[PDB]
Each structure stands twice: as structure tokens, then as C-alpha cells.
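Chemist: Please find the sequence and an experimentally derived structure below.
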Amino acid sequence: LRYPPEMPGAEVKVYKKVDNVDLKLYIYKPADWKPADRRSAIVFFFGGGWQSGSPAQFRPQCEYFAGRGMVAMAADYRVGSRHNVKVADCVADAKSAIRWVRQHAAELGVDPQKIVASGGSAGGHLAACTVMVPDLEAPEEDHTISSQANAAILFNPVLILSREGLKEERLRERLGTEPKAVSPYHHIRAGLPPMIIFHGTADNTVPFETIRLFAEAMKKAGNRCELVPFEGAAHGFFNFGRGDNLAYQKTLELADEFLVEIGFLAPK
């Protein structure tokens, strides 16, 4: 991956101006697109530990889902190696992206109620923050337009950020807030949007146990929260180019059937 990314064929829209930085959405429209459609949308957040990464990471997935009838985009967001930000600022950026898409749903040809948030690792964390973590919103935006996504597709996300529980200072200094405030696990509750999670059993960056604990506690609250374990796979397994795209093709396959499952996508 490179940054700045190369995104051929994508339409470029600035969704947020902050610190004189113009944060961009790379939008991939389907074939039979008109401003009057009400298609589902998916917004991808790249990974890279809230410090690096590139919107090009999920460009392959955008092209796939746009070919399947969605308005697919990859969001840029501020990161530590480029901008003076902490994790809490990254969350505000991800929320701005969802709010912007909903605010512009009419011109995007999008159903404001079928907006999916998605991401890998740190960007999987952000996507989950847009469905279940409160506040951390850009203070000058219209809070009467909801920043909450309607579904989430998570690729080995980080879901537990605070040790407030059973079983360090470097982390608290890159968070920009109390650890619980940026931790999806400590905001599990009933009535949350549906979601599907792809995680590796041998993940040594984000332990699989932290995700299975999240998913179980999410089911006892009545939410749709499906784990798809990938046996022996490690952090990053899903990415286009890993092995020979067996995980990439299967994650796309199980994500497609999940969007059909909740009604955001039409059968083939």
C-alpha cells in the first residue's frame, strides 16, 4: 500500500475540513446509478494502528461491492504519523464520514438507513465506534443528523481498549480520552445495528478471545453479531493478496450473504 493512495475511477469528495486538512471519500458507484436510487452504502476505514495505513487497502472491496449495486467508498481519516491526532480524533473523523454520507444521501443515491460501516483492525475499531460508541462527535457538525451506521462489517477489529475488568501508559497517551470512552466492548447494549466479524484464531495483535467475548455478550443483548473464525489465521489474513485471496474471497462471500441477510443487497 501507498499513501497518498491511487484510486482510479473513484469519485473524490471532501467530507470534512479540519485543521486545514481536506479529508476525502473515494466513492465507487454501480453501473445503473442515478441520483434518485436508494441503494445501500458501505464506508471502509483502513487499518494501521491509528498512526498509518491507506484508503487503498479496501479499494478492491469497494470495486466488488459497487459491482454488486452498492455505493462503496473508502474514507481517509487523520492518523498519528501524519496529523497531530489521538484515537478519539480518528473516531470523530469516522463519525463525520457516516454523517456526511447520510446528510448527502439524496445526491449519493443512497438510502440514509442502509449505510454500512466497515474496516480492518484500527479501522474496524472505528467502524464499530460508529455503531455503538457514543459521543466523540465533531463539535461543529449538525448533531441532529445521526452519525450512527445501520450495520457493520468488521475485519479483525480492535474491540477492547480498557483493562477495566478481569484477565499500558503508551496506550492511554495515544487515546485522547479515558480508555473506556473509545472501547466498543464497554458499550455493549441492546438494540444495536447488525454486524458480522471476521477474526483469526491465531491473531497475536488482537486476541481472538477478546472478540468471542464481545460477540457472546452481544448476543445475550439480543443483537445480530456473527463471528466467522478463520482457523489458524493471523492479523491481516483477509487482505487482498494474502495467500492467494482465499480469505479475501471468503470474507467477501460471507459479507455479501450477510448484506442480503439483512436486506441491504439483492440476490445474484
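Modeler: That came through fine. Numbers count the residues shown, from 1 in each chain.
Chemist: do you know how far the spatially closest residue to residue 109 that is not a sequence neighbour is from residue 108?
Modeler: Of all residues beyond its chain neighbours, the one nearest residue 109 is residue 37 (3.8 Å), with distances taken as CB to CB, 6 or more residues apart in numbering. All C-beta atoms are positioned from the backbone trio N, CA, C, and that covers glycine. For residue 37, the distance to residue 108 (CB to CB, to the nearest Å) stands at 9 Å.
Chemist: between the two, which one's more packed in?
Modeler: The neighbour count for residue 37 versus residue 108, taken as other CB atoms under 10 Å, is higher for residue 108 (26 against 15).
Chemist: Pull the contacting residues for that one.
Modeler: Contacts for residue 108 (CB atoms under 8 Å, 6 or more residues apart in numbering) come out as 27, 35, 41, 71, 101.
Chemist: now with 7 Å?
Modeler: For residue 108, the contact set (CB atoms under 7 Å, 6 or more residues apart in numbering) comprises 41, 71, 101.
Chemist: and these as JSON lines, adding neighbour count?
Modeler: As requested, the contacts of residue 108 are exported to JSON lines (neighbours: other CB atoms under 10 Å):
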{"residue": "41", "neighbour count": "26"}
{"residue": "71", "neighbour count": "27"}
{"residue": "101", "neighbour count": "26"}
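Chemist: circling back to that earlier point, how close does the residue nearest to residue 109 sit to residue 173?
Modeler: 45 Å.
Chemist: How about residue 210?
Modeler: 21 Å.
Chemist: quick one: which of the two has more around it?
Modeler: Legend: neighbour count by other CB under 10 Å for residue 210 and residue 173, higher for residue 210 (17 against 9).
Chemist: I'd say that one and residue 160 touch.
Modeler: Yes - Residue 210 is within contact range of residue 160, at 4.6 Å (criterion: CB atoms under 7 Å).
Chemist: need the helices for this protein, in chain order.
Modeler: For the chain, the helices defined by DSSP state H occupy 59-67, 87-103, 105-108, 122-132, 169-175, 208-219, 246-262.
Chemist: No more questions from me, cheers.
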